[PDB]
Amino acid sequence: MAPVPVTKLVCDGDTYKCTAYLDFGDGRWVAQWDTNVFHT
Amino acid sequence: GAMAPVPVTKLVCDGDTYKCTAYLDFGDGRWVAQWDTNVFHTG
Amino acid sequence: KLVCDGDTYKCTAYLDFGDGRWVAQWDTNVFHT
Ligand SMILES: [Zn+2]
Ligand SMILES: [Zn+2]
Ligand SMILES: [Zn+2]
Ligand SMILES: [Zn+2]
């Protein structure tokens, strides 16, 4: 396993992706996943 | 043109519905990103 | 607590609930910018 902290999480209503900036190595890694975006 | 991503102010995962919901820093605070998740006990 | 893993391609959120041993986990893409 290789779990590292997320430093900052953003999401994006025009790509329907959330992006997690990872605390690892040279700082250039992210995790990204697909999401639904809506008003509650 | 492209809209920059917005910060998430609050992340809640609901074990009842198998959804995580990220509250977005946008408009009136009622916008969310939501996705399906697995929920389990560690061990 | 929220962590992500480039080996398993999963992000994991540690939930406060109950005895603190529950997690939410989901599939992700992981890549270098
Ligand atoms: Zn965008
Ligand atoms: Zn509204
Ligand atoms: Zn907590
Ligand atoms: Zn337990």
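Letters go in sequence order (proteins before strands), and every chain restarts at 1. All heavy atoms count here, side chains included; hydrogens, waters and symmetry mates do not. Every number for a ligand or one of its atoms is a count from 1 in the order of the listing.
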Enquirer: Does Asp5(C) use its side chain to pair, donor to acceptor, with the backbone of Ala2(A) at less than 3.5 Å?
Expert: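 Yes, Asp5(C) side chain to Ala2(A) backbone: donor-acceptor pair under 3.5 Å.
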
Enquirer: Roughly how far, to the nearest 0.5 Å, is the CG atom of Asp34(A) from the CG atom of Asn29(C)?
Expert: 7.0 Å

Enquirer: If we only count heavy atoms from C-beta on, is the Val37(A) to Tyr16(A) side-chain gap below 4.5 Å?
Expert: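 Heavy-atom side-chain distance check passes, below 4.5 Å.
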
Enquirer: To check you understand the geometry: which heavy-atom pair defines the closest contact between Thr28(C) and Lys10(C), and what is its length?
Expert: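 Heavy atoms only, the tightest pair is CG2-N, 3.9 Å.
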
Enquirer: Using 0.5 Å steps for rounding, measure from the OH atom of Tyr14(C) to the NZ atom of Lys1(C).
Expert: 4.5 Å

Enquirer: How many angstroms lie between CG in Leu2(C) and SG in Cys11(C), if you round to the nearest 0.5 Å?
Expert: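 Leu2(C) CG to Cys11(C) SG: 6.0 Å, rounded to 0.5 Å.
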
Enquirer: Would you tabulate the side-chain donor-acceptor contacts of residues 15-26 of chain C under 3.5 Å, counting partners in other chains and residues two or more places apart, or write 'none'?
Expert:
residue, atom, partner, partner atom, Å
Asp19(C), OD1, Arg21(C), N, 3.1
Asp19(C), OD2, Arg21(C), NH1, 3.3
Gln25(C), OE1, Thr12(C), OG1, 3.0

Enquirer: Please indicate how many protein N/O/S atoms are found closer than 2.8 Å to the Zn ion (ligand 3), with waters neither displayed nor included.
Expert: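 That number is 2, waters not included.
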
Enquirer: May I ask you to list the protein N, O or S atoms found at less than 2.8 Å from the Zn ion (ligand 2)?
Expert: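 Protein N/O/S atoms under 2.8 Å of the Zn ion (ligand 2): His39(A) NE2, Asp28(B) OD2.
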
Enquirer: Can you name the nearest heavy-atom pair linking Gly1(B) to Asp14(A), along with the distance?
Expert: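 Taking every non-hydrogen atom into account, O-OD2, 4.4 Å.
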
Enquirer: Check which protein N, O or S atoms are less than 2.8 Å from the Zn ion (ligand 1) and report how many there are.
Expert: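 Protein N, O or S neighbours of the Zn ion (ligand 1) under 2.8 Å, waters not counted, come to 4.
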
